[PDB]
Amino acid sequence: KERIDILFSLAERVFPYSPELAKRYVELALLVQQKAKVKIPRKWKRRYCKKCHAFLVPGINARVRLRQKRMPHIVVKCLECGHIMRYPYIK
Ligand SMILES: [Zn+2]
C-alpha cells in the first residue's frame, strides 16, 4: 500500500546515486510487494530487472543502445546483473 510507495520513492533517489545501493533497496521493495500480496499497475512490475530486482531506467543502473534498421531494436545493459537484454520493437 503506502509502504511500497515510500520504498519506491527511496529506491528512486538511491537509484541514480548508486545502482548497487538501489539494487538492495529495490529487492526490499519487491520483497515487501509479495509479502503484502498487492498487485500494482506498472510501477514495480514494468520498472525492474529480471534478476537484479532493481529499478529499470536507461542511463542510470542500466544503459540502452537504440539501433535503426528496418526492424526497430534496443539493447539494455543493467549493471547489477552486468548483462545485456534485447527488447524488440516495431513502428
Ligand atoms: Zn539487472
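Higher on the page you've got the structure.
Here is a short report on the structure shown in this document. (Residues numbered from 1 in each chain as written, not as in the entry; some residues may be left out. Heavy atoms only, no water.)

Details of the layout of surface pockets
Approximately 640 Å³ is the volume attributed to the largest pocket. Forming the boundary of the largest pocket are 15 residues, of which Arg 46, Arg 47, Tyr 48, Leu 56 and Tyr 87 lie nearest the centre. Secondary structure elements with two or more residues in the lining of the largest pocket: strand 2 (73-78) and strand 3 (83-88). Here the lining of the largest pocket gets three residues from one element, more than from any other, and that element is strand 3. (1 Å grid on protein atoms, 1.4 Å probe; cavity = no way out; pocket = protein on both sides within 12 Å on 5 of 7 lines; lining within 4 Å. Points joined across faces, edges and corners; volume = space filled by probe spheres on them. Helix = DSSP H or I, 4+ residues; strand = E, 2+ residues; numbered from the N terminus.)

A closer look at the packing of helix 1 (residues 2-17) against helix 2 (residues 19-36)
Their axes nearest at 8 Å, the elements helix 1 and helix 2 cross at an angle of 165°. Accordingly, the angle class assigned to the pair helix 1 and helix 2 is roughly antiparallel. Judged by the sense of rotation from one axis to the other, the crossing of helix 1 with helix 2 is left-handed. Only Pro 19, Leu 21, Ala 22, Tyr 25, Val 26, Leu 28, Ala 29, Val 32 and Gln 33 of helix 2 make contact with helix 1, whose side of the interface consists of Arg 3, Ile 4, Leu 7, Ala 11, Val 14, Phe 15 and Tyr 17. Its residues placed into classes, the contact of helix 1 with helix 2 shows 14 nonpolar, one polar and one charged. (Axes fitted to C-alpha atoms, helices over the stretch in contact; angles between N-to-C directions. Parallel < 35°, antiparallel > 145°, perpendicular 65-115°, else oblique. Left-handed = near helix turned anticlockwise from the far one by under 90°. Contact = heavy atoms within 4.5 Å. Nonpolar A, V, L, I, M, F, W, Y, C, P; charged D, E, K, R; others polar.)

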